[PDB]
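Trainee: next input, structure requested:
(2 chains, ligands or ions: 2)
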Amino acid sequence: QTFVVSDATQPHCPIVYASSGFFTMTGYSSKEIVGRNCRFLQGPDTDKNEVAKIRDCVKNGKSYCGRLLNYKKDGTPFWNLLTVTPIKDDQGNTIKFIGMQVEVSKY
Amino acid sequence: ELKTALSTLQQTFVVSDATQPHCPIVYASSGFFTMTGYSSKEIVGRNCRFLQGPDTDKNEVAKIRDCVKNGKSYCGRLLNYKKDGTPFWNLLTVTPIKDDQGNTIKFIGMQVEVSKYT
Ligand SMILES: Cc1cc2nc3c(=O)[nH]c(=O)nc-3n(C[C@H](O)[C@H](O)[C@H](O)COP(=O)(O)O)c2cc1C
Ligand SMILES: Cc1cc2nc3c(=O)[nH]c(=O)nc-3n(C[C@H](O)[C@H](O)[C@H](O)COP(=O)(O)O)c2cc1C
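Mentor: Numbers count the residues shown, from 1 in each chain, chains lettered A, B, ... in the order given. Ligands and ions are numbered 1, 2, ... in the order given. Shown next is the protein structure:
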């Protein structure tokens, strides 16, 4: 599974871990993207309503599941089957999120 | 590796196989025994519904069911019970894992026992 971990205890939820498969999928290196928000995957044709749904989920520490258009480092458009799942502490605070990505195949 | 990232987060989790009838647990992390009192011998190959009991909110359970059945994500809090009967609040996520055709093939469930000071 390709995935990233973002730290919700830091402003704007920066990536703190990218799996080897994220690099394989997107072309971006772990040194290019750690410390950054995952929004860099979006581009001209990404559905902004779907982005707004993710933003709401993230802001409220709840789970997102959906499909959105993203772009690789080289500009290649792909369909990303995405989940973003809050990780909570024992007080119910959202401390991290895990985002899991699947590139929809051509067939 | 996903398992490792999770362990770095000290996160209790299970994985269920949506390709098998009734979505059985195929893997449970060591924290799942610690939290629930159930061994992997008691839990692997079963559905996680065994953690529910008399006062579990059946309307919340229904929301989980409807997410699982439709390959979507659940997030919520419900009353669960340890092997010894102890009730606990379980802050639960259930997240579909999909193949490259959009088929839900597994789920990952992440549990947090709510602290006594909350
Ligand atoms: C852990 C995690 C993983 C994410 N992965 C993606 C991604 O794969 N693709 C994407 O377009 N957005 C992804 N996002 C969503 C963006 O980072 C951001 O939350 C979204 O663009 C909405 O907020 P904004 O409108 O302020 O950008 C992810 C978010 C989190 C927290
Ligand atoms: C991966 C995964 C983890 C789950 N973890 C829990 C859990 O920790 N506690 C719980 O009560 N139910 C858990 N469930 C939900 C139940 O297994 C079941 O889906 C739910 O009770 C609704 O279906 P049912 O009405 O047929 O029982 C989990 C389900 C999945 C797929």
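Trainee: dump the residue contacts of the residue of chain A at minimum distance from ligand 1.
Mentor: Residue of chain A nearest ligand 1, by CB to the nearest ligand atom: residue A:99 (2.2 Å). Backbone N, C-alpha and C define where each C-beta goes, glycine included. By CB atoms under 8 Å, 6 or more residues apart in numbering or on different chains, the residues touching residue A:99 are A:3-6, A:38, A:82-85.
Trainee: which of those are close to ligand 2?
Mentor: The subset of these lying close to ligand 2, counting by CB under 6 Å from any ligand atom, is empty.
Trainee: report the two of those separated the most.
Mentor: Within the contacts of residue A:99, A:5 and A:82 form the most distant pair, 14.2 Å apart (CB to CB).
Trainee: show me the beta-bridge partners of residue A:81.
Mentor: residue A:67, residue A:102 (DSSP bridges).
Trainee: does it really touch residue A:70, like I thought?
Mentor: No. Using CB atoms under 8 Å, residue A:81 makes no contact with residue A:70, being 10.3 Å away.
Trainee: which residues do these two both contact?
Mentor: With CB under 8 Å, 6+ apart, residue A:81 and residue A:70 have no common neighbours.
Trainee: any idea how many residues pack against the closest residue to residue A:78 other than its chain neighbours?
Mentor: Counting by CB to CB, 6 or more residues apart in numbering or on different chains, the nearest residue to residue A:78 once its immediate chain neighbours are dropped is residue A:103, at 4.9 Å. Here the count is done by other CB atoms under 10 Å in any protein chain shown, and residue A:103 has 18 residues near it.
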